[PDB]
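J.: Take this structure first; my questions come after.
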Amino acid sequence: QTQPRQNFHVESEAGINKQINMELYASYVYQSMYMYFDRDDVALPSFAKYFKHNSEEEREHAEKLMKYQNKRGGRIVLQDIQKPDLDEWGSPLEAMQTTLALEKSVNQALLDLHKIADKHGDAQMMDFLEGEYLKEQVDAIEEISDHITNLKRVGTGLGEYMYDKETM
Amino acid sequence: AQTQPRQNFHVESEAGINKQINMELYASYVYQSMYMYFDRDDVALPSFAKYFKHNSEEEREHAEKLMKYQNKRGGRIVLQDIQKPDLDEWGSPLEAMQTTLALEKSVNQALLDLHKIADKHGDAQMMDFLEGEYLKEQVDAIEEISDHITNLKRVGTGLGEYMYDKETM
Amino acid sequence: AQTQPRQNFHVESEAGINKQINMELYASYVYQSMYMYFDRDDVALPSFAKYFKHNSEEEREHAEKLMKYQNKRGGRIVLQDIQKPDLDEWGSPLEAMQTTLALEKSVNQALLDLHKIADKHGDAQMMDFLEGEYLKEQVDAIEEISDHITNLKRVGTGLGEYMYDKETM
Amino acid sequence: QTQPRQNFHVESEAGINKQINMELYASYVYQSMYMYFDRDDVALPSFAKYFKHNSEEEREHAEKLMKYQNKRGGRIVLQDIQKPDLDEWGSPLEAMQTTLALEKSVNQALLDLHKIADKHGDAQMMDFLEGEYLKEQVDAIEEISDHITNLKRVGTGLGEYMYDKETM
Ligand SMILES: [Cu+2]
Ligand SMILES: [Cu+2]
Ligand SMILES: [Cu+2]
Ligand SMILES: [Cu+2]
Ligand SMILES: [Cu+2]
Ligand SMILES: [Cu+2]
Ligand SMILES: [Cu+2]
Ligand SMILES: [Cu+2]
Ligand code: NA
Ligand code: NA
Ligand code: NA
Ligand code: NA
Ligand code: NA
Ligand code: NA
Ligand code: NA
Ligand code: NA
Ligand code: NA
Ligand code: NA
Ligand code: NA
Ligand code: NA
Ligand code: NA
Ligand code: NA
Ligand code: NA
Ligand code: NA
Ligand code: NA
Ligand code: NA
Ligand code: NA
Ligand code: NA
Ligand code: NA
Ligand code: NA
Ligand code: NA
Ligand code: NA
Ligand code: NA
Ligand code: NA
Ligand code: NA
Ligand code: NA
Ligand code: NA
Ligand code: NA
Ligand code: NA
Ligand code: NA
Ligand code: NA
Ligand code: NA
């Protein structure tokens, strides 16, 4: 056993490794969206900036899970980061709808990881996940939902441009 | 049997103040409902939300100032149920402002009727308190909501609703 | 038919939050009644008044934070009548604090029952939100009111009530 | 007619002169109370300070009515300022009860003066009285009422001394 290890099940350790890969994947998706809105034929720099920031924070979320794995005495096992499903992401509205589905899948995987901690009595891991991950996912899902509603309200064309200049 | 401060303060004015207190609290509740309606994920107009949040707190403060006045004159505060608002959801920004205009006018008419009670009982100090602290602000509020309605008709639905939120609200 | 944010959020938790919202608003109304009772000319304890004024605004803010949470998770806020408090007047500072202790404990028990609803439906995020944002403060509030009751029994009526107002309150 | 005079009835002018005398009288009463609490055998310096301030403000209330009389074109006619009814004022509680009755009589006389302005259509005088006199009398009567309630609560002896040090 590694020196720190106490009340830390191998199933939780494996679940953290798989969550690490999913955060890195989400980071890659947002990096793709960032560079898509930076295209000369899309050219929405504040949408670009938004996905750049989201890409950096998903990757920080990954690192915080990596730090946690080491803190509890787990061992980090990295896997390929899959490329995103698409090369281009359509309208600002479609990109946000794609983002909502992504954040919800990440949230479901965090809830499943919390279930692993719960069944093995890992009280500290449950609280770590609730405070550091579940709370932010709820805020992020709300924020993307508001974006989708406003993008439907303002419509295509001028409205997409104004939303970029104002909210984003 | 009169309270220590009481002078030139009729029981009908005291009762009228208690009724006005409930109506300010009711209006506060209406605005707090509108605040949270515009905070919904499928409405999501954060500056309309903040406007009704502020309106809800001013109405609650208007209620408290009436409560303080009741005590100052030697009246006794008698609280009643605060009815829930008529609707759970308030439609478009335009419809919500139209609902607000009718509410503020209803509150104004009840303030004017309360002023009439003070007047017929010779309560000079209460008339002036109402004029300076309530009637003046109701006239400003009714004007402001009217301007909002006109601009919301001008900008129309969709992008205009969003721009009004970012600019005026 | 689900709202955009909704995930792992049961209708029973949503209903429980709406019920807790009404109970926080009710407690706010109770404290606002106590605030204005201590502001009466024949009670006239201005620091007890300010204490319940602040308590009334925190309860109203606790209600709003629950309303915001309901929207965040994709629930729909359904408001109900805010019942008037049981009494119009609250007796001595000691009796008012004893009334407050029972109220805060009632609110705490309803928060614990709301936590049980989240727990049985596996709502990990809602349990933590309740623990950090509501249960922790209810425990601090219940302790603080208990200290007030003990000191009010120690100082007794008359001068002691006045000194407690000037010093601790 | 004096140069400024417009819509200013002789009955209002006379009523202001009589209100002037009543404010000066109230000022004299409070000056007596001030010096009574300054006695070596009473010795409550914050009660003394309170009645000193009230004496100064009654006399400022008198001067503001004198200024108003001149503003409207009335002529100030002064009368004897009667000495107060008593030379000594008993307990802090009794002095406050005496003060409440005094402020209420002054308030009733202001309301009667407002009636004179009303029946002669003197809109400006009514508003002057409401804003500058009636509002303050209501605040003063409330404040004295609170004092009486607290003086009954704290009782005689130590309570009188503590009230002097704390509220007064
Ligand atoms: Cu993440
Ligand atoms: Cu837990
Ligand atoms: Cu926890
Ligand atoms: Cu109002
Ligand atoms: Cu609470
Ligand atoms: Cu005066
Ligand atoms: Cu008038
Ligand atoms: Cu006026
Ligand atoms: Na296992
Ligand atoms: Na597993
Ligand atoms: Na690209
Ligand atoms: Na760019
Ligand atoms: Na590795
Ligand atoms: Na959609
Ligand atoms: Na769980
Ligand atoms: Na959020
Ligand atoms: Na947003
Ligand atoms: Na919107
Ligand atoms: Na009547
Ligand atoms: Na009536
Ligand atoms: Na709502
Ligand atoms: Na509702
Ligand atoms: Na409602
Ligand atoms: Na209209
Ligand atoms: Na009305
Ligand atoms: Na159920
Ligand atoms: Na239930
Ligand atoms: Na009261
Ligand atoms: Na009541
Ligand atoms: Na009550
Ligand atoms: Na007890
Ligand atoms: Na309960
Ligand atoms: Na005459
Ligand atoms: Na006369
Ligand atoms: Na003397
Ligand atoms: Na002295
Ligand atoms: Na003279
Ligand atoms: Na008395
Ligand atoms: Na009059
Ligand atoms: Na006052
Ligand atoms: Na006082
Ligand atoms: Na008192």
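Letters A, B, ... mark the chains of the structure tokens in the order given; residue numbers begin at 1 per chain; ligand numbers begin at 1, in order shown.
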Can you tell me which residues surround residue 50 of chain C at a distance of at most 7 Å, considering only C-alpha atoms, apart from same-chain residues fewer than 4 positions away, and format the answer as a list in words?
T.: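 Using only C-alpha atoms, the neighbours found are residues 35, 46 and 54 of chain C.
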J.: Collect all residues with atoms no farther than 6 Å from ligand 13, counting only C-alpha atoms and all ligand atoms, and output them as a PDB file with N, CA, C and O atoms, in the first residue's frame.
T.:
ATOM      1  N   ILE A  76      -2.056   7.768 -10.880  1.00  0.00           N
ATOM      2  CA  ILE A  76      -2.649   8.321 -12.089  1.00  0.00           C
ATOM      3  C   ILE A  76      -2.305   7.428 -13.273  1.00  0.00           C
ATOM      4  O   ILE A  76      -1.137   7.099 -13.505  1.00  0.00           O
ATOM      5  N   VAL A  77      -3.319   7.001 -14.015  1.00  0.00           N
ATOM      6  CA  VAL A  77      -3.109   6.246 -15.245  1.00  0.00           C
ATOM      7  C   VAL A  77      -3.822   7.004 -16.354  1.00  0.00           C
ATOM      8  O   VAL A  77      -5.058   7.054 -16.386  1.00  0.00           O
ATOM      9  N   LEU A  78      -3.048   7.618 -17.240  1.00  0.00           N
ATOM     10  CA  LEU A  78      -3.580   8.421 -18.331  1.00  0.00           C
ATOM     11  C   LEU A  78      -3.929   7.543 -19.527  1.00  0.00           C
ATOM     12  O   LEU A  78      -3.337   6.481 -19.740  1.00  0.00           O
TER      13      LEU A  78
END
J.: Hey, which bits of chain B sit within 6 Å of ligand 29, and for each residue what's the closest pair of atoms and how far apart in Å (one decimal), counting only C-alpha atoms and all ligand atoms, rows by chain and increasing number, as CSV?
T.:
residue,atom,partner,partner_atom_place_in_ligand_line,distance
B:77,CA,ligand 29,1 (Na),5.7
B:78,CA,ligand 29,1 (Na),3.8
B:79,CA,ligand 29,1 (Na),3.8
J.: Show me, as a VMD selection string, the residues of chain A whose atoms get within 12 Å of chain B, using only C-alpha atoms for the distance check.
T.: chain A and resid 139 to 163 165 to 167
J.: Could you list, as a PyMOL selection string, all protein and nucleic acid residues with an atom at most 10 Å from ligand 12, counting only C-alpha atoms and all ligand atoms?
T.: chain A and resi 34-40+42-49+52
J.: At what distance in Å, to one decimal, does atom 1 (Cu, counted along the ligand's line) of ligand 7 lie from atom 1 (Na, counted along the ligand's line) of ligand 28?
T.: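 Result for atom 1 (Na, counted along the ligand's line) of ligand 28 versus atom 1 (Cu, counted along the ligand's line) of ligand 7: 28.9 Å, one decimal.
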J.: Could you give me, as a list in words, every polymer residue with an atom at most 12 Å away from an atom of ligand 26, counting only C-alpha atoms and all ligand atoms?
T.: residues 9, 10, 11, 12, 13, 14, 15, 16, 114, 116, 117, 118, 119, 120 and 121 of chain C
J.: So that I have them on file, write out the residues from the current selection with C-alpha atoms, as an mmCIF file, in the first residue's frame.
T.:
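As a result, selection.cif now contains:
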data_model
loop_
_atom_site.group_PDB
_atom_site.id
_atom_site.type_symbol
_atom_site.label_atom_id
_atom_site.label_comp_id
_atom_site.auth_asym_id
_atom_site.auth_seq_id
_atom_site.Cartn_x
_atom_site.Cartn_y
_atom_site.Cartn_z
ATOM 1 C CA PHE C 9 -33.663 16.559 -9.563
ATOM 2 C CA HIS C 10 -36.824 14.846 -8.316
ATOM 3 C CA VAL C 11 -40.308 16.423 -8.284
ATOM 4 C CA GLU C 12 -40.506 15.667 -4.557
ATOM 5 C CA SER C 13 -37.351 17.714 -3.908
ATOM 6 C CA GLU C 14 -38.771 20.520 -6.076
ATOM 7 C CA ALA C 15 -42.013 20.469 -4.073
ATOM 8 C CA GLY C 16 -40.068 20.358 -0.811
ATOM 9 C CA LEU C 114 -35.952 18.438 3.153
ATOM 10 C CA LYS C 116 -34.033 13.507 3.828
ATOM 11 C CA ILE C 117 -35.953 13.996 0.582
ATOM 12 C CA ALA C 118 -32.750 14.823 -1.306
ATOM 13 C CA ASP C 119 -30.986 11.852 0.303
ATOM 14 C CA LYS C 120 -33.552 9.216 -0.601
ATOM 15 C CA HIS C 121 -33.538 10.412 -4.231
#
J.: Step by step, measure atom-to-atom distances between ligand 1 and each residue using only C-alpha atoms and all ligand atoms, keep those at most 10 Å, then write them as a PyMOL selection string.
T.: chain A and resi 19-20+22-27+54-62+64-65+102-103+106-107+110+132-134+136-137+140
J.: Write to file, as a compact mmCIF listing (two decimals), in the first residue's frame, the residues of the selection just made, with N, CA, C and O atoms.
T.:
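Produced file out.txt, reproduced below:
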# COMPACT_ATOMS: atom_id res chain seq x y z
N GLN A 19 -12.54 9.69 -14.71
CA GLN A 19 -13.04 11.07 -14.70
C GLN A 19 -11.97 12.03 -15.20
O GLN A 19 -12.28 13.00 -15.92
N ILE A 20 -10.70 11.79 -14.85
CA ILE A 20 -9.61 12.61 -15.36
C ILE A 20 -9.64 12.65 -16.88
O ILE A 20 -9.55 13.72 -17.50
N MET A 22 -12.15 12.13 -18.84
CA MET A 22 -13.33 12.81 -19.35
C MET A 22 -13.22 14.33 -19.24
O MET A 22 -13.74 15.05 -20.10
N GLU A 23 -12.56 14.85 -18.19
CA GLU A 23 -12.31 16.28 -18.10
C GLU A 23 -11.33 16.75 -19.18
O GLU A 23 -11.50 17.82 -19.76
N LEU A 24 -10.28 15.97 -19.43
CA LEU A 24 -9.36 16.32 -20.50
C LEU A 24 -10.07 16.32 -21.85
O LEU A 24 -9.87 17.21 -22.68
N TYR A 25 -10.94 15.33 -22.07
CA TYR A 25 -11.73 15.30 -23.30
C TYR A 25 -12.59 16.55 -23.43
O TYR A 25 -12.61 17.19 -24.49
N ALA A 26 -13.31 16.91 -22.37
CA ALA A 26 -14.14 18.11 -22.43
C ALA A 26 -13.29 19.34 -22.73
O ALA A 26 -13.70 20.22 -23.51
N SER A 27 -12.09 19.41 -22.13
CA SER A 27 -11.17 20.51 -22.42
C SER A 27 -10.82 20.56 -23.90
O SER A 27 -10.70 21.65 -24.49
N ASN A 54 -13.36 28.14 -20.92
CA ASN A 54 -13.90 26.84 -20.50
C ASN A 54 -12.92 25.71 -20.75
O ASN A 54 -12.87 24.76 -19.96
N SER A 55 -12.14 25.78 -21.83
CA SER A 55 -11.13 24.76 -22.07
C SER A 55 -10.07 24.77 -20.97
O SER A 55 -9.65 23.71 -20.50
N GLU A 56 -9.63 25.96 -20.55
CA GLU A 56 -8.63 26.05 -19.49
C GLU A 56 -9.16 25.51 -18.16
O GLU A 56 -8.43 24.85 -17.41
N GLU A 57 -10.44 25.75 -17.85
CA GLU A 57 -11.00 25.29 -16.57
C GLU A 57 -11.30 23.80 -16.55
O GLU A 57 -11.13 23.17 -15.50
N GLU A 58 -11.77 23.23 -17.65
CA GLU A 58 -11.85 21.77 -17.70
C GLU A 58 -10.48 21.16 -17.46
O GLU A 58 -10.34 20.17 -16.74
N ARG A 59 -9.44 21.75 -18.03
CA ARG A 59 -8.13 21.14 -17.86
C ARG A 59 -7.62 21.35 -16.43
O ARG A 59 -6.97 20.47 -15.86
N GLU A 60 -7.98 22.48 -15.81
CA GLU A 60 -7.72 22.65 -14.39
C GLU A 60 -8.55 21.68 -13.54
O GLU A 60 -8.06 21.16 -12.53
N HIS A 61 -9.80 21.41 -13.94
CA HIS A 61 -10.58 20.38 -13.25
C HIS A 61 -9.88 19.02 -13.32
O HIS A 61 -9.88 18.27 -12.35
N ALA A 62 -9.31 18.69 -14.49
CA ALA A 62 -8.56 17.45 -14.62
C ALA A 62 -7.38 17.41 -13.65
O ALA A 62 -7.14 16.40 -12.99
N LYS A 64 -6.90 19.04 -10.86
CA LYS A 64 -7.33 18.94 -9.47
C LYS A 64 -7.70 17.50 -9.12
O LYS A 64 -7.40 17.03 -8.01
N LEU A 65 -8.30 16.76 -10.06
CA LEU A 65 -8.52 15.34 -9.83
C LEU A 65 -7.21 14.56 -9.79
O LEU A 65 -7.08 13.61 -9.01
N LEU A 102 -22.74 18.13 -23.32
CA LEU A 102 -21.44 17.72 -22.81
C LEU A 102 -21.36 17.90 -21.30
O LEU A 102 -20.94 16.98 -20.58
N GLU A 103 -21.77 19.07 -20.80
CA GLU A 103 -21.70 19.33 -19.36
C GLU A 103 -22.62 18.41 -18.58
O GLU A 103 -22.31 18.04 -17.44
N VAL A 106 -20.83 15.04 -18.33
CA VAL A 106 -19.77 15.14 -17.33
C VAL A 106 -20.38 15.13 -15.94
O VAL A 106 -19.85 14.48 -15.02
N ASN A 107 -21.49 15.84 -15.75
CA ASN A 107 -22.19 15.84 -14.47
C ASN A 107 -22.68 14.44 -14.10
O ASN A 107 -22.52 14.01 -12.96
N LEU A 110 -19.80 12.46 -12.89
CA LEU A 110 -19.41 12.84 -11.54
C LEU A 110 -20.37 12.25 -10.51
O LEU A 110 -19.94 11.77 -9.45
N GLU A 132 -16.19 20.57 -4.74
CA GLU A 132 -15.28 21.00 -5.79
C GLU A 132 -15.77 20.69 -7.20
O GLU A 132 -15.23 21.26 -8.16
N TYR A 133 -16.75 19.80 -7.37
CA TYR A 133 -17.18 19.42 -8.71
C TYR A 133 -18.68 19.55 -8.91
O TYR A 133 -19.11 20.19 -9.88
N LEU A 134 -19.49 18.96 -8.03
CA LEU A 134 -20.93 18.95 -8.28
C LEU A 134 -21.52 20.36 -8.23
O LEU A 134 -22.40 20.69 -9.02
N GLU A 136 -20.07 23.22 -9.03
CA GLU A 136 -19.72 23.98 -10.23
C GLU A 136 -20.48 23.48 -11.45
O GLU A 136 -20.88 24.28 -12.31
N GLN A 137 -20.69 22.16 -11.57
CA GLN A 137 -21.45 21.63 -12.70
C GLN A 137 -22.86 22.18 -12.72
O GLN A 137 -23.41 22.49 -13.78
N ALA A 140 -22.59 25.68 -13.96
CA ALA A 140 -22.26 25.71 -15.39
C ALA A 140 -23.47 25.34 -16.24
O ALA A 140 -23.74 25.99 -17.26
J.: Atom CA of residue 124 of chain D and atom CA of residue 138 of chain B are how many Å apart?
T.: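 Computed distance, atom CA of residue 124 of chain D to atom CA of residue 138 of chain B, equals 23.1 Å.
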J.: I'd like to know which of D:164, D:114, D:108, D:67 is closest to residue 93 of chain D, using only C-alpha atoms.
T.: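 Nearest to residue 93 of chain D: D:164.
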J.: Between chain C and ligand 14, at 12 Å or less, what are the per-residue closest atom pairs and their distances in Å? Count only C-alpha atoms and all ligand atoms, order by chain and rising residue number, and return it as CSV.
T.:
residue,atom,partner,partner_atom_place_in_ligand_line,distance
C:1,CA,ligand 14,1 (Na),11.7
C:2,CA,ligand 14,1 (Na),11.3
C:3,CA,ligand 14,1 (Na),9.9
C:4,CA,ligand 14,1 (Na),7.5
C:5,CA,ligand 14,1 (Na),10.8
J.: Would you mind exporting the chosen residues as a PDB file, in the first residue's frame, restricted to N, CA and C atoms?
T.:
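Once written, out-v8.pdb looks like this:
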ATOM      1  N   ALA C   1     -40.256  16.924 -21.891  1.00  0.00           N
ATOM      2  CA  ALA C   1     -40.943  18.069 -21.299  1.00  0.00           C
ATOM      3  C   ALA C   1     -40.116  18.722 -20.184  1.00  0.00           C
ATOM      4  N   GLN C   2     -38.934  18.172 -19.908  1.00  0.00           N
ATOM      5  CA  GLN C   2     -38.124  18.660 -18.799  1.00  0.00           C
ATOM      6  C   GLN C   2     -37.465  19.997 -19.136  1.00  0.00           C
ATOM      7  N   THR C   3     -37.315  20.839 -18.118  1.00  0.00           N
ATOM      8  CA  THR C   3     -36.578  22.084 -18.279  1.00  0.00           C
ATOM      9  C   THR C   3     -35.114  21.797 -18.617  1.00  0.00           C
ATOM     10  N   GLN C   4     -34.487  22.744 -19.321  1.00  0.00           N
ATOM     11  CA  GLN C   4     -33.112  22.586 -19.805  1.00  0.00           C
ATOM     12  C   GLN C   4     -32.106  22.149 -18.746  1.00  0.00           C
ATOM     13  N   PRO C   5     -32.069  22.734 -17.541  1.00  0.00           N
ATOM     14  CA  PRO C   5     -31.033  22.336 -16.583  1.00  0.00           C
ATOM     15  C   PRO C   5     -31.281  20.995 -15.917  1.00  0.00           C
TER      16      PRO C   5
END
J.: Produce as an mmCIF file with N, CA, C and O atoms, in the first residue's frame the set of residues near ligand 2, where near means within 10 Å with only C-alpha atoms and all ligand atoms considered.
T.:
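Output saved as out38.cif:
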data_model
loop_
_atom_site.group_PDB
_atom_site.id
_atom_site.type_symbol
_atom_site.label_atom_id
_atom_site.label_comp_id
_atom_site.auth_asym_id
_atom_site.auth_seq_id
_atom_site.Cartn_x
_atom_site.Cartn_y
_atom_site.Cartn_z
ATOM 1 N N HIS A 114 -19.415 9.826 -7.454
ATOM 2 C CA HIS A 114 -19.883 10.014 -6.088
ATOM 3 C C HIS A 114 -20.539 8.743 -5.549
ATOM 4 O O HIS A 114 -20.326 8.375 -4.387
ATOM 5 N N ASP A 118 -19.635 6.660 -2.219
ATOM 6 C CA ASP A 118 -20.660 6.443 -1.199
ATOM 7 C C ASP A 118 -20.720 4.976 -0.782
ATOM 8 O O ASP A 118 -20.707 4.651 0.411
ATOM 9 N N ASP A 122 -16.540 6.322 1.532
ATOM 10 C CA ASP A 122 -15.451 7.300 1.430
ATOM 11 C C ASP A 122 -16.032 8.695 1.635
ATOM 12 O O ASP A 122 -16.329 9.429 0.694
ATOM 13 N N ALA A 123 -16.182 9.063 2.909
ATOM 14 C CA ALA A 123 -16.855 10.311 3.251
ATOM 15 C C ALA A 123 -16.082 11.519 2.740
ATOM 16 O O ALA A 123 -16.676 12.481 2.239
ATOM 17 N N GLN A 124 -14.755 11.486 2.853
ATOM 18 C CA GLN A 124 -13.962 12.626 2.417
ATOM 19 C C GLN A 124 -14.047 12.808 0.908
ATOM 20 O O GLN A 124 -14.122 13.940 0.421
ATOM 21 N N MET A 125 -14.055 11.711 0.154
ATOM 22 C CA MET A 125 -14.153 11.829 -1.300
ATOM 23 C C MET A 125 -15.513 12.371 -1.726
ATOM 24 O O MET A 125 -15.591 13.223 -2.619
ATOM 25 N N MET A 126 -16.597 11.904 -1.092
ATOM 26 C CA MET A 126 -17.914 12.469 -1.377
ATOM 27 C C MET A 126 -17.923 13.983 -1.184
ATOM 28 O O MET A 126 -18.376 14.729 -2.061
ATOM 29 N N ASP A 127 -17.422 14.460 -0.043
ATOM 30 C CA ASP A 127 -17.430 15.901 0.197
ATOM 31 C C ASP A 127 -16.547 16.641 -0.803
ATOM 32 O O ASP A 127 -16.910 17.717 -1.285
ATOM 33 N N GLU A 130 -18.603 16.845 -3.980
ATOM 34 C CA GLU A 130 -19.712 17.792 -3.858
ATOM 35 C C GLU A 130 -19.221 19.235 -3.890
ATOM 36 O O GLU A 130 -19.737 20.059 -4.654
ATOM 37 N N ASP C 119 -31.780 13.052 0.057
ATOM 38 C CA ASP C 119 -30.986 11.852 0.303
ATOM 39 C C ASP C 119 -31.627 10.621 -0.334
ATOM 40 O O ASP C 119 -30.965 9.848 -1.036
ATOM 41 N N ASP C 123 -29.768 12.828 -4.331
ATOM 42 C CA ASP C 123 -29.446 14.149 -4.862
ATOM 43 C C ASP C 123 -28.287 14.695 -4.033
ATOM 44 O O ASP C 123 -28.459 15.437 -3.067
ATOM 45 N N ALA C 124 -27.073 14.281 -4.429
ATOM 46 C CA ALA C 124 -25.869 14.607 -3.667
ATOM 47 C C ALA C 124 -25.629 16.109 -3.618
ATOM 48 O O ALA C 124 -25.261 16.654 -2.571
ATOM 49 N N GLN C 125 -25.826 16.792 -4.745
ATOM 50 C CA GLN C 125 -25.559 18.222 -4.783
ATOM 51 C C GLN C 125 -26.537 18.984 -3.897
ATOM 52 O O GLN C 125 -26.145 19.927 -3.202
ATOM 53 N N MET C 126 -27.801 18.573 -3.877
ATOM 54 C CA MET C 126 -28.772 19.271 -3.035
ATOM 55 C C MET C 126 -28.498 19.042 -1.551
ATOM 56 O O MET C 126 -28.630 19.970 -0.745
ATOM 57 N N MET C 127 -28.114 17.818 -1.164
ATOM 58 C CA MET C 127 -27.729 17.581 0.227
ATOM 59 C C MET C 127 -26.612 18.528 0.655
ATOM 60 O O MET C 127 -26.700 19.179 1.702
ATOM 61 N N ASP C 128 -25.560 18.637 -0.157
ATOM 62 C CA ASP C 128 -24.442 19.495 0.222
ATOM 63 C C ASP C 128 -24.854 20.962 0.270
ATOM 64 O O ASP C 128 -24.473 21.688 1.194
ATOM 65 N N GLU C 131 -26.675 21.428 3.503
ATOM 66 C CA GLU C 131 -25.783 21.345 4.656
ATOM 67 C C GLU C 131 -24.976 22.624 4.820
ATOM 68 O O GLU C 131 -24.899 23.186 5.919
#
J.: Enumerate, in order of chain and increasing residue number, the residues of chain C with an atom no farther than 6 Å from chain B, each with its shortest atom pair and distance in Å to one decimal, counting only C-alpha atoms, as JSON lines.
T.:
{"residue": "C:40", "atom": "CA", "partner": "B:71", "partner_atom": "CA", "distance": 5.6}
{"residue": "C:71", "atom": "CA", "partner": "B:40", "partner_atom": "CA", "distance": 5.6}
{"residue": "C:80", "atom": "CA", "partner": "B:84", "partner_atom": "CA", "distance": 5.1}
{"residue": "C:81", "atom": "CA", "partner": "B:84", "partner_atom": "CA", "distance": 4.7}
{"residue": "C:82", "atom": "CA", "partner": "B:82", "partner_atom": "CA", "distance": 5.1}
{"residue": "C:83", "atom": "CA", "partner": "B:81", "partner_atom": "CA", "distance": 4.7}
{"residue": "C:84", "atom": "CA", "partner": "B:81", "partner_atom": "CA", "distance": 4.7}
J.: Run DSSP on the backbone and tell me which residues of chain B come out as alpha helix (DSSP H); list them as a PyMOL selection string.
T.: chain B and resi 11-38+46-73+93-120+124-130+136-155+159-167
J.: Could you list, as a list in words, every residue within 10 Å of residue 11 of chain A, counting only C-alpha atoms and ignoring same-chain residues fewer than 4 positions away?
T.: residues 15, 16, 17, 113, 116, 117 and 120 of chain A
J.: For ligand 4, collect every residue having any atom at a distance of at most 8 Å from a ligand atom (counting only C-alpha atoms and all ligand atoms); output as a count of residues only.
T.: 12
